[PDB]
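The chain below stands alone, shown as structure tokens; this is the form deposited in one PDB entry.
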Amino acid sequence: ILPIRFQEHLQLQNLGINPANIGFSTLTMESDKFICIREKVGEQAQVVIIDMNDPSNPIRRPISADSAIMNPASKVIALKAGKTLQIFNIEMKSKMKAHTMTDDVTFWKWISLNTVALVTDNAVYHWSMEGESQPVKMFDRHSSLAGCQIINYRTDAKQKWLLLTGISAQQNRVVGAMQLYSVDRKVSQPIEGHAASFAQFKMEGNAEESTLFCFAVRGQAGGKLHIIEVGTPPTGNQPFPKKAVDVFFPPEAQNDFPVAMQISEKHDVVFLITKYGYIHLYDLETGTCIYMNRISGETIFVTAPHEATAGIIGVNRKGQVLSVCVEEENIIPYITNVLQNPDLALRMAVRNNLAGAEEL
């Protein structure tokens, strides 16, 4: 028995996608609802839109854009060409917004159902789709990210804690540089890290939820995962005890590094995926490592939360669309019998109302 379930959803090459376009600059997956791929047939650039609830019928439309990102929940698409940004409601066949920047945008994404984040060489902006909103500057970039490839931007639920992540080669290894910004304090902190996420977590005995920041890193001296509360705890709350635990890289994977993290608030577990296709599962409360294995031979370059299972969905270099989630009927007996950790098994059973700790 395994504590996780693997599932193949699609092979993109079977939907007519050219394998040269399956990669970070041309394929976007902003949620589990859609995948968008930019392709060029002759001199005509186009976008292919795959509805994940009807994937055998993809739509190809002509474009003149260098990047395209679909809204997480709706057929509303953002396109850009250098400094020109445009937003379309596809079913309405209408241009809902247009804005001209004064810098090129090196990375962008949807950070909520209604707000786009825009990263330039110098700063980070938020752009709300509500009313007549224009972009607002959130913070200036820190010099520690100068010259990095920007690979992600994330926030907490309330958009008060903001995190930008870049990577580069230093001393023949892939080095991660993050910038954590506090909206209320107006202060940045540089942190060495590769992949991260925020989470809401309600501790035993507390009336309010805690806001947690979890980040993984491969440093000079090996891999580490950190779980720490950000900000002042709500009035009356016990503070969350911070944890730091090892992240294992085998001796044969000298160049591998963390590329993605999703946290399940249903199960309170952390899913961590590496560049070269290794999955790790950790308990969010204690930081205990539950499981590790290689699940892809091809590299993984994009992920999102998988809503149906509360897991993680991803796309590899070949075009396999794959997901991993907690196997609810096996996780408790696995932790008891394979990990031989009855303490964790009992906790996770009662905490998330799972079966299998009746016998320990």
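Residue numbers run from 1 along the displayed sequence.
What follows is about the form deposited with a partner chain bound, which we do not show.
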Give a yes/no on whether residue 124 approaches the partner chain to within 4.5 Å in the bound PDB entry, heavy atoms considered. no
Heavy atom to heavy atom, is residue 33 within 4.5 Å of the partner chain in the bound PDB entry? no
Is there a heavy atom of residue 174 no more than 4.5 Å from a heavy atom of the partner chain in the bound PDB entry? yes
Though only this chain appears here, would residue 301 touch the partner chain in the bound PDB entry if you measure heavy atom gaps against 4.5 Å? yes
Would you point out which of 114 to 122, 130 to 138, 166 to 174, 264 to 272 contains residues with a non-hydrogen atom within 4.5 Å of the partner chain in the bound PDB entry? 166 to 174
151, 289, 73, 284: which sits within 4.5 Å of the partner chain in the bound PDB entry by any heavy atom? 151
So in the bound PDB entry, are 25, 259 and 317 all sitting within 4.5 Å of the partner chain, heavy atoms only? yes
